[PDB]
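Undergrad: Encoded as structure tokens, here's the structure I'll be asking about.
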Amino acid sequence: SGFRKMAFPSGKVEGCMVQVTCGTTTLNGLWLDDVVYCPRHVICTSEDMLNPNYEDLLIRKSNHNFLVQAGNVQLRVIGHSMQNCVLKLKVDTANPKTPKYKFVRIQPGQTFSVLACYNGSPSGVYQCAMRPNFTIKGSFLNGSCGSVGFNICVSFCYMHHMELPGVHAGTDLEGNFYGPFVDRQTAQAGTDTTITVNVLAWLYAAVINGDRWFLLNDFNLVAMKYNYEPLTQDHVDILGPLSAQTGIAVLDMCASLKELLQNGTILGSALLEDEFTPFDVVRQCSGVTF
Amino acid sequence: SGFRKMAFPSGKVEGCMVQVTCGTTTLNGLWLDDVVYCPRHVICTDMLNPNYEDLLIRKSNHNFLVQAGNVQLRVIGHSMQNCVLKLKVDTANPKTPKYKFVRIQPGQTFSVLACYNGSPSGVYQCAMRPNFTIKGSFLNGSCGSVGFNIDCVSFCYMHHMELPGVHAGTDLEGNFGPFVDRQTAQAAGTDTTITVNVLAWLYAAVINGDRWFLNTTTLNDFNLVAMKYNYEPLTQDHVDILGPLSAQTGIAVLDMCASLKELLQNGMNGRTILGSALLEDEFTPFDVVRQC
Ligand SMILES: *C(=O)c1ncc(Br)cc1OCc1ccc2ccccc2c1
Ligand SMILES: *C(=O)c1ncc(Br)cc1OCc1ccc2ccccc2c1
């Protein structure tokens, strides 16, 4: 019983957090095998950010211009390359704490844990959603760049690159930004919408936990007026297991959310929560371990 | 910027989680040095009204199976301290962090590593309610999961029971609120809001640009309003702990108290504060300074 915003256990990722330094600029890096991944803007001076030509800036930098420290020890860099917006620094030492891992590019609406890090050291962990406009609503201070988001074998899906004038943007671990954003300090995020299939998953969580007072082409007409993402049959199939668990059909739950949108606590929140996936609900409500 | 409910990184606690089985009952234990800690109800079949001493008598060391991953630890001693079982094993946990056992005060927050069969499931941040319950996420099998703060790991909580939807447990010496480890109906006090935490969170909001609620008063005047709305009384100690936030924001603590009184008397009008449509009280002033 109970429902909470739950993050994955962060131990396997803490053992991969190193501190990358280049000139004055120091940020966080991800040490897996004999390679360290970090935002390529580590090579940028303060004046460089306004309009960096990365290839030119990187060419002016050599292997020894990169200080990689794992806790107390300093690793030796024997190679460097740029993959899209991430820097790959080959080191002479495989990380002995490298977990089984994969790199994954998630889709809008999916969630993950962020281990927020400063100077290579963990600060805290929290759960996040990739918004439909490909930002995330996190808690990121200057210095947190390079922290990663992940699901758990660890599937890394996000590296933090920038704080916008109060949401945040970043890349997958191949360095491609999520969204239209570029790693340059110029003003840059379109209309965000609410993740409908996620709100429906959370209403099922509510019913599972005893909170039931609120109990398709038609539904999308309503949701569109309220800046809710349209609900597709793929989304209905995803909610199938929750429906079979609760004995409440999917279109029945949508009918419930319609009235909620027009008329205005559920699981102790006064707003409709859209940062729980259907997999999140099943995971938390059936106690999946790792 | 931004402001999330944030847990502590959990790797040090992950390394201490094991599985403890006694007869049929399996739950989680906490393995530090050569001792495994778990709820004493691991020995109950019973449980409507268990005589714990008499149930313990019927148990020997080999009736306790303790697994740490795939490794089976050998139990060479066992004792009951208050409501927790302490199992002496033949191996000290190599991954033992620097640690303390602490009893936190109502209103302090901690991180809970939820666990099943000795394996981590997830981490989330919690507050000890003024009525000494916690509003957690615990299924059957989660008993023995622990709550902790980090500076050195300070263990403050071990989970024992779900009341007929909130949660109750003990410190790591096994002292529970008024609750006992028996399946009888049990009443928590009326719960109240943690005023000093609400204020800390309003400061957090101002640091992050949410100012719309800024509108003075006296400690005694505010307290009269706090009582009517089931808010914990505010003390000069509380005002003192908010000092650093006041200096950062340049908003006097009693000025923030008046804005909150206004929020308490007028409601929120459908507006939000840090993405919440209610007043959040599970952040301490320390939590706010740490995050910010
Ligand atoms: C971000 O995590 C970070 N930490 C430490 C430092 Br010294 C710099 C950091 O990023 C600042 C940054 C870099 C690039 C940008 C492009 C566009 C807008 C804002 C930024 C900010
Ligand atoms: C608790 O999470 C738990 N996990 C696994 C098992 Br096999 C049993 C568990 O609790 C049973 C229990 C213990 C103490 C109680 C006290 C008061 C009411 C109910 C219980 C239930």
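All positions are counted from 1 along the displayed chain.
This entry, so its header tells us, was determined using X-ray crystallography, 2.0 Å.
Just so it is clear, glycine is given a Cβ too, placed from its N, Cα and C backbone atoms.
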Undergrad: Out of B:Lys88, B:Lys228, B:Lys261, report back the residue that Swiss-Prot marks as ubiquitin cross-link.
TA: B:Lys88
Undergrad: Across the 2-residue unmodelled segment, how far is the Cα of B:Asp151 from the Cα of B:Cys152, in Å?
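TA: Output for the chain break: 5 Å between Cα atoms.
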Undergrad: So of B:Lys5, B:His41, B:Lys88, which of the recorded positions has the fewest other Cβ atoms within 10 Å around its own Cβ?
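TA: Relative to the other recorded positions in B:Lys5, B:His41, B:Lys88, B:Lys88 has the fewest Cβ atoms within 10 Å.
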Undergrad: Check each of the recorded positions B:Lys5, B:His41, B:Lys88, B:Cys143 and report back the ones whose Cβ is under 8 Å from some Cβ of chain A.
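TA: Listed recorded positions meeting the cut-off: B:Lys5.
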Undergrad: Taking the Cα atoms as reference points, how far is B:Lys5 (ubiquitin cross-link) from B:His41 (active site, for 3CL-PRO activity) in Å?
TA: 32
Undergrad: Where the criterion is a Cβ under 6 Å from an atom of ligand 2, which of the recorded positions B:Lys5, B:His41, B:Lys88, B:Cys143 meet it?
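TA: Those recorded positions that pass the cut-off, since their Cβ is under 6 Å from ligand 2, are B:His41, B:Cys143.
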Undergrad: Return the count of C-beta atoms lying within 10 angstroms of the C-beta of B:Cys143 (active site, nucleophile), excluding that atom itself.
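TA: I get 26 for this one.
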Undergrad: Just how far apart, in Å, sit the Cα atoms of B:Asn215 and B:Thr216 across 2 unmodelled residues?
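TA: Those two Cα atoms are 8 Å from each other.
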Undergrad: At the unmodelled stretch of 2 residues, I want the CA-CA distance from B:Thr45 to B:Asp46, to the nearest Å.
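TA: Each end of the gap has a Cα atom, and these are 5 Å apart.
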